[PDB]
Amino acid sequence: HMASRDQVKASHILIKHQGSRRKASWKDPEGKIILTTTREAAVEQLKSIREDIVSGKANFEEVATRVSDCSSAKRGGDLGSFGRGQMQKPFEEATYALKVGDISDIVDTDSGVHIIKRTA
């Protein structure tokens, strides 16, 4: 029930980096942590990922299934809709601030680093 629009629908992806636990709660060999994308580097890896996804109508879905939040890997497509629920200060303000085109300016939060995309 509502008179105008409010809730925010949207899609997104997730890269791998240091984060705040291990790598991304994915199916990997616990073996031993190795040197790879890290906090800073993460933003750098996305800096070009957003750029690449920015220029060149490359793909995204299948990518959103592999390089995406474990659950998102299953839903590499998009979230769907969520006004003041789900997401939080960063992402939400991202889909609420952008609108297809810039593809969000590096979304590092929640799990690690993501990149939103609605219409396009």
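Every residue, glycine among them, receives a Cβ derived from its backbone with ideal geometry; neighbour counts consider all protein chains shown. Read-outs throughout are calculated quantities, based only on the coordinates presented, and are distinct from any laboratory measurement.
Points to keep in mind about this one:
- Counting charges near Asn59 (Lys, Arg +1; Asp, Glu -1) among other residues having Cβ under 14 Å from its Cβ returns a value of 0.
- For the chain, the longest principal axis of the alpha carbon atoms and the long axis of helix 39-54 meet at an angle near 50°.
- Each other residue within a Cβ distance under 11 Å of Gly112 adds +1 if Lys or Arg and -1 if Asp or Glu, for a net charge of +2.
- Estimated [θ] at 222 nm from DSSP helical runs (n ≥ 4, -39500 (n - 2.57)) normalised by residues in the chain, nearest 500: -8000 deg cm²/dmol
- Nonlocal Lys pairs with alpha-carbon distance under 15 Å, the chain (8 or more apart, or different chains): 8
- Equivalent ellipsoid semi-axes, the chain, via Cα gyration tensor eigenvalues times 5, rooted, Å: 25, 16, 13
- Neighbour counting of Cβ atoms within 10 Å sorts the residues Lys117, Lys27, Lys16, fewest neighbours leading, into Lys27, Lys16, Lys117.
- Taking the number of Cβ atoms within 10 Å of each Cβ as an exposure proxy, the fewest-first ranking of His114, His17 is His17, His114.
- Label-point separation in nm, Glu61 to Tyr96, each point 7 Å along Cα→Cβ: 3.1 nm
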